[PDB]
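What follows is a single chain, given as structure tokens, in the form solved without its partner chain.
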């Protein structure tokens, strides 16, 4: 089994060129300085209306191993009743939205907040390929609190018979205040997850900004 590549330096990485196109990730460690990130984490922990929700795999439901809240536009196929998106952005979240946009040149209209309570909270392998994100969505990820690992694995071609054993893999540590951008063919050609850990972890808040189209 090949060895996962590690991305942990500020930079811009074309992680693949095919089959759909160039998949690109950009890493910005310390996008938010630690002390400001400490204050932001406090605010979001006190104010975001975190709730336990269910997810779907294979038309069966389950309690997601994370708490969530939504702001702005919601992907068309999700349930507004279940996800309860707030069209009025928390002022702190609005600031971070504006700061990402001013520093990267990308716009967003949707925010998913994820609270990983501890080392047993996680998100399983997936792509951000909801239809209303379009082909090649630009997705910005901002992390606060405990470091957790963002893993990626390349979607195998058909001749691989659905085996992920030998696909290319990337590992990215996401620490306090780090911004990560995915763009290009990344949702098309890759999956990603945040795995559970077998060692004590304090809380982590992740902000995933996206653009939902009508």
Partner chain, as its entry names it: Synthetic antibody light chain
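Positions refer to the first chain, counted from 1.
Missing here is the form solved in complex with its partner chain; even so, the following discussion is about that form.
Asks: Ok, 152, 180, 69, 40: which has a heavy atom sitting within 4.5 Å of its partner chain in the entry with it bound?
Replies: None of the other options qualify; the answer is 40.
Asks: Of these, 99, 80, 126, 117, which has a heavy atom no more than 4.5 Å from its partner chain in the entry with it bound?
Replies: When its partner chain is considered in the entry with it bound, the option within 4.5 Å is 99.
Asks: Looking in the entry with it bound, any heavy atom of residue 131 within 4.5 Å of its partner chain?
Replies: Heavy-atom contact with its partner chain at 4.5 Å: absent for residue 131.
Asks: Would you classify residue 32 as touching its partner chain in the entry with it bound, given a 4.5 Å non-hydrogen atom cut-off?
Replies: Heavy-atom contact with its partner chain at 4.5 Å: present for residue 32.
Asks: Would residue 91 count as touching its partner chain in the entry with it bound under a 4.5 Å heavy atom rule?
Replies: Although its partner chain is absent here, residue 91 would touch it in the entry with it bound, with heavy atoms inside 4.5 Å.
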